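Residue numbers (PDB author numbering), protein chains in the order written: chain H, 41 to 107, 245 to 511; chain I, 2 to 287; chain C, 2 to 372; chain D, 2 to 374.
No residue lacks a Cβ here, since even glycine has one placed at the ideal position from N, Cα and C.
Working notes, structure below.
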Amino acid sequence: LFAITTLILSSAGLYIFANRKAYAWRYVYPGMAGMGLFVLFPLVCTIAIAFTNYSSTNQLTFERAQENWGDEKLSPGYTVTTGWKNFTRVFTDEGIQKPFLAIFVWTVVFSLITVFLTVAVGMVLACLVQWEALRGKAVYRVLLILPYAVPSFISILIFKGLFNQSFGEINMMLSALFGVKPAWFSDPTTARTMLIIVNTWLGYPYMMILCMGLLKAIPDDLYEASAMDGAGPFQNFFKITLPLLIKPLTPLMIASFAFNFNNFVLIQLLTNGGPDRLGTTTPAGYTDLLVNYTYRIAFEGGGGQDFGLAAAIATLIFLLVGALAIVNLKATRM
Amino acid sequence: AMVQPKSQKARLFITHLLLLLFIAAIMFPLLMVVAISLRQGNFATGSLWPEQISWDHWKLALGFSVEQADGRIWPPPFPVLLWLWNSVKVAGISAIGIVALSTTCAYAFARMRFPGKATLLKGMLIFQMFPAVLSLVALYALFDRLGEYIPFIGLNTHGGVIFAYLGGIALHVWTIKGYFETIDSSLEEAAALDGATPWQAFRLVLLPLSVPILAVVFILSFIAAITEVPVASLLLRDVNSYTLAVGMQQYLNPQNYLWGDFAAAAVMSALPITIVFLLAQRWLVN
Amino acid sequence: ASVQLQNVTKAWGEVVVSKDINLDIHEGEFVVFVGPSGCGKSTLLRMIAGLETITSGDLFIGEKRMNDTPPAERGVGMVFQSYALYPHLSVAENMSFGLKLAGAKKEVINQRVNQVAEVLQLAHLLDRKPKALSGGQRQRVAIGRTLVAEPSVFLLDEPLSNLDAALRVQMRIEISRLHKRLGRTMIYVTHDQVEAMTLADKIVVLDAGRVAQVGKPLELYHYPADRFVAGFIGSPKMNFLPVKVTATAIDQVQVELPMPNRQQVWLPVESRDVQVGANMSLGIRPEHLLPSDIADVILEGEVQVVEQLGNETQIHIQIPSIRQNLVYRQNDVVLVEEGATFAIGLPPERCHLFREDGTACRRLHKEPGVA
Amino acid sequence: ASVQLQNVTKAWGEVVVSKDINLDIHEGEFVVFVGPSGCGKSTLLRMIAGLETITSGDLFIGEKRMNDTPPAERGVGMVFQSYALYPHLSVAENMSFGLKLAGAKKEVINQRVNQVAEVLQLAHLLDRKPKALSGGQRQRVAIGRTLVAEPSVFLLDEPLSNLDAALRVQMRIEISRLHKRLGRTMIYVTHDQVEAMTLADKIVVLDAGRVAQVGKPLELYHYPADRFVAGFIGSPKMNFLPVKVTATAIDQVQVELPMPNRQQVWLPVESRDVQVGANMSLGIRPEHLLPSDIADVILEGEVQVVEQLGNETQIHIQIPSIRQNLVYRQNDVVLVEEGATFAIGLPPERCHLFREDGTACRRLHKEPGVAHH
């Protein structure tokens, strides 16, 4: 199967030395082959895995021949194609459907909240930085960008240490200021709140950069005419800058929504196992995105290593392909 | 220099105060991780920003010395330099592959034209803004099946890491195509007029003009490779073979939480911060 | 080196951006393409150069069919709007890329560039890069590149759109010196009529992808073929007066003036294919309008705009029973108050009679300078 | 109302773009600001509008001093080089932005919008957005917004720069009609002598941010103050020839042509503070050049370039001795071949004299149209 796929990739056959569209693709193939092998292929494999029963009991394909009827049935056959069985079992089971719906709702809420907060903070910072009456604007840009420059995992683990409960830094700072113990990791609500705070802290500088670029794209004569008419700063922001930014900002908002939906690295590094749902056949926590739910079913030892259920392709990648279509429609706009 | 009312000074004071407060709030975590690095103890508590400068964690994280505190010597916790070396190798190979695979696609998508251009660009966007969403299961199964055939790209090896990392071509082709669009569109036509075959027109005219954007892409993808976590964490198991961002998790473990050593390693990772600050930002008009 | 575009038609997809163009440019002629739509002229120049495909018809560079010859072998040298300057290469490399590609020989590549730099005033900066150049210097590098290439025909675009006044003047000067120095076949593209009038051995007025008229500049001025070219040539648009024909002779046609007095003028005209009782349009130039005292036919009207330009005064007269305010130019200055009544004369010999369709009858009156 | 500038100086740090300029624009006057491509004119209009701080001096609109008044309170309306139309707002909202910001009577807002639309012919395109309009429609929309704001002084920052020849001529006549109807003070900036001479009731020629000369258009054309004004005014460059002073009379000055002729001619000028035996500069426009037959003073030269524009013939003449080539312009077509010796005349009445400092002596030849208004 891998050999046939590689042979297809090699002898696509459009390299005929005819100076036709063959020449044009002779430039695209390098890298198009790279994508077809390194991006599309894992996706198609994930599609294929779902229809099978790949698990910790069926991980081996056929190598076990001896290691009578010799259990020559279906389940002892290890890798077999079930067919929509894993897709149905994510809904009809009701032992994994309710956790699935809960984490789906949490993921949507988390992504929407963090996108709105990030857009607002970045837009405000950009508008304030481009005042042209401030001092040390380069210093301010550097300082407000520093979270982007710091490697992501370093900041996430720093926040993990700071929000600790057993010893704690932020917690005992808060106790010294006014004695309260937030209990970030123990309480699911406080865990989600810290999660939103950390995601906003990580994501604000990027949208700040995008809004700074868009304000550069914005001309200054409109501002000057508003100043002639008598408009102030807030009136300018609310009736000049904002209407001309949401129209080119909607695709960026949608893309950031998708990124915050699949923030596996953040949710895995910080409170990977936020308080468990206490009654789930598959392991699942309150602060679990869909991606890390599937990761938990896939590789966490307590989940049984059910790779077939761990696919969940037709949910995650299908909402994701809806997102692709929406942003693509918005990109061709104007 | 528009003539402005007396409210301008009040607005400026308010803006300066708000920005200073916001930057203090933002820099609190980084200043706190810096101060923790100089703390003698590794379990924190005590004083919030100790005045003493122990430096024992730095030398542990450097591995220069064991930092004798009591009679018993303290061996280095983890080989952070080994982490760095593995991360550097993986990032270098991934960046080289990304640039080599992406430059020609960027040329094809930006400068020349072909009948399937619209569909190819739409598919490029479509499969570009995918993240590593469930592809980890497929990669794990594929590497499990492949390691018996070719070990050097199988499991618990850098081959799988680099193979997963080459996907960034979809992301970088857009930056390189934007630069190609920025470059004047009459250059290839003029070169064809002087008698240059289009391959020579690319190689001699536009390819040397791609050096700045290629360097920027190389740096950006090198950083994205050095700071990757998911795939390396999933399919890296041997203790010696760990890259960066994967032993950092072992620094913070419920059996032994290590603030000082973790912070020493974190501030040892200050170089990517400066690199992304200056080279990645490229001092473009923002 | 005589390009012979014949029955060439361009079909950009389905819209025909150029009809059946039929030109004939001999050896060593400086032909200028002037028109209101910039794409069509540049498109035609690109089909000449080979950068664009010709849908139908045949092209003849010199005395050889050149429809499907690749751009390199066409023996043409084109000067793009952006000059297509390579930034990384130096000025000399830009100027001698064509020689460097095939047989630099390290002798001609320097001899040619030195000669063209001396005859272009560029030798003192031949080792710089295009980034460290001014606009005139950059244009000079592009021109010198073409000269080093030594093409049979010289194709120049219309980059004056992006240029300033001073740089356009410098461009016009140096292209004039180029043409006079070499005397090789050259094609020029512009949208400004003054440029074509000052530099052309043959002018092609291009409309809607169709060639309107081909001839000398004074030929276009004095004997415009149709309404489009007649309006196009001349900065003050020729005053158009609808007329009705009373009688037709074998060498002249008598028309009727909208003026209430209903005057009839025996203007000299081709007088071919003219039917009595029809409606046509009469055109008289603002410059040729005589003062009322000298001419027998007087156009009395009310003055709307008096524009004193010092050397001339553009008196706009709104003739009664005629919607158009006829532009009248006179040398020196004439003190005329707005809202007053001023009379002007109509010389019969300078009226250009125009058919209903748009074709203009040939003027039988001889005119100096047309040769 | 009346805009007045007293010792206005602008300093962009080390450089002083404009220095101690003085203007007196009375109420209702159409004044144009002309000069080279330097941004001094635009910066001047901007400081007048209040968009740039006046470094030193005073600026008076009407009576009160207005050097430190925000542009909202200045009672001044401006159109920019770009049309400065908000893409998101429709045409009506574009023109009524200021009224919406200040007042709240939507009846008044729509009444004024409808009135300005009817007088500017913007009714049928009122509901559209700036993108779909053409260049003329956008310019008329900007003018309508200014008229809606209804300021005491109208400022135009090169309005006829983004349009072709026909449309800019039509909107030039439209601007003239606007001036004739309203009668409010309007200030204009442009580079084109044609627009300046056709529109302005007063012209202010700026030289590196300095007022070269201010006066009526025909006044500038006939009596330039200095070499820069003489060169700038007039589409063909005014011909310049060196001359040597031989003898000065009470009301005329003799000069020697720097040619083997050694001819001496009397020129009616001021003849004040003119030094005998001094290098001088004679100037004469190409139009005023007389044919050889009817002129006593003869300049014999060789034809270099003959340009046949068709309505007039421009003949470049190289004199055996003077460096710059003489430019000749004649009505209709003149059939002269290149490389042919040509003779032209110098009417002594129509000559100008410029001293080494660049200043000019005023001519004594009375010219028609100078006292038209």
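Could you confirm whether any beta carbon from chain C is found closer than 9 angstroms to the beta carbon of residue 309 of chain D?
-> yes
C-beta contact flag for residue 338 of chain H and residue 34 of chain I at 9 angstroms = yes
Touch check for the stretch 393-401 of chain H and the stretch 480-491 of chain H: three-plus C-beta pairs under 8 angstroms?
-> no
What residue from H:273, H:500, H:476 and H:285 has the CA that sits closest to residue 138 of chain I's CA?
-> H:476
What's the call for residue 350 of chain H, buried or exposed, on a 16-neighbour Cβ count within 10 Å?
-> exposed
Hey, how far is the Cα of residue 356 of chain C from the Cα of residue 258 of chain D?
-> 56 angstroms
Taking C-beta to C-beta, are residue 389 of chain H and residue 43 of chain I nearer than 9 angstroms?
-> no
Where does residue 166 of chain I land, buried or exposed, given buried means 16+ other C-beta within 10 angstroms?
-> buried
Ignore the nearest five residues each way along the sequence and tell me which others in residue 101 of chain D's own chain have a CB closer than 7 angstroms to its CB.
-> 110
By Cβ distance, which residues of its chain are closer than 6 angstroms to residue 235 of chain D, with the 5 residues on each side in sequence left out?
-> 286
Is the distance from the Cβ of residue 268 of chain C to the Cβ of residue 218 of chain C below 9 angstroms?
-> no
At which residues does the alpha helix (DSSP H) containing residue 107 of chain D begin and terminate?
-> 107-121
Euclidean distance between Cα positions of residue 481 of chain H and residue 236 of chain I | 18 angstroms
N- and C-terminal bounds of the beta strand (DSSP E) containing residue 344 of chain C = 342-346
Tell me which same chain residues have a C-beta within less than 6 angstroms of the C-beta of residue 61 of chain D, skipping the five on either side of it?
-> 5
Looking at chain H, which residues of the stretch 210-238 of chain I have a Cβ within less than 9 angstroms of any of its Cβ atoms?
-> 224, 227, 228, 229, 230, 231, 234 and 235
For the stretch 330-344 of chain D and the stretch 312-321 of chain D, state whether three or more C-beta atom pairs, one from each stretch, are separated by less than 8 angstroms.
-> yes
Starting from the N-terminal side, write out each stretch of the alpha helix (DSSP H) that is 4 residues or longer and does not extend beyond the stretch 311-339 of chain H.
-> 314-326 and 329-339
What three-state label does DSSP hand residue 289 of chain C in the structure shown?
-> coil
Relative to chain D, which residues along the stretch 225-254 of chain C have a C-beta separation below 9 angstroms, given in chain order?
-> 234, 235, 236, 237 and 238
Evaluate contact between the stretch 279-286 of chain I and the stretch 186-195 of chain C, counting only Cβ atoms and requiring at least three cross-stretch pairs below 8 angstroms.
-> no
Reducing DSSP to helix, strand and coil, say where residue 57 of chain D ends up.
-> strand
Could you confirm whether any beta carbon from chain I is found closer than 9 angstroms to the beta carbon of residue 70 of chain D?
-> yes
Quick one: Cα of residue 268 of chain D to Cα of residue 255 of chain D, how far?
-> 6 angstroms
Buried/exposed call for residue 273 of chain I, threshold 16 Cβ in 10 Å = buried
Helix, strand or coil for residue 262 of chain D per DSSP?
-> coil
May I ask you to report which of helix, strand or coil DSSP gives residue 181 of chain C?
-> helix
Nearest-angstrom Cα distance between residue 202 of chain D and residue 246 of chain D?
-> 37 angstroms
Three-pair Cβ contact test at 8 angstroms for the stretch 170-184 of chain I versus the stretch 114-130 of chain I | yes
Where residue 167 of chain I falls: helix, strand or coil (DSSP) = helix
For residue 305 of chain C and chain I, any beta-carbon pair shorter than 9 angstroms?
-> no
Is it buried or exposed for residue 172 of chain C, if we count other Cβ within 10 angstroms and need 16 for buried?
-> buried
Residue 248 of chain H, DSSP secondary structure in three states = coil
The beta strand (DSSP E) spanning residue 216 of chain D covers which residue range?
-> 212-216
Residue 294 of chain C, buried or exposed, once every other Cβ within 10 Å from all chains shown has been counted against 16 = exposed
Of all Cβ atoms in chain I, is any one closer than 9 angstroms to the Cβ of residue 322 of chain H?
-> yes
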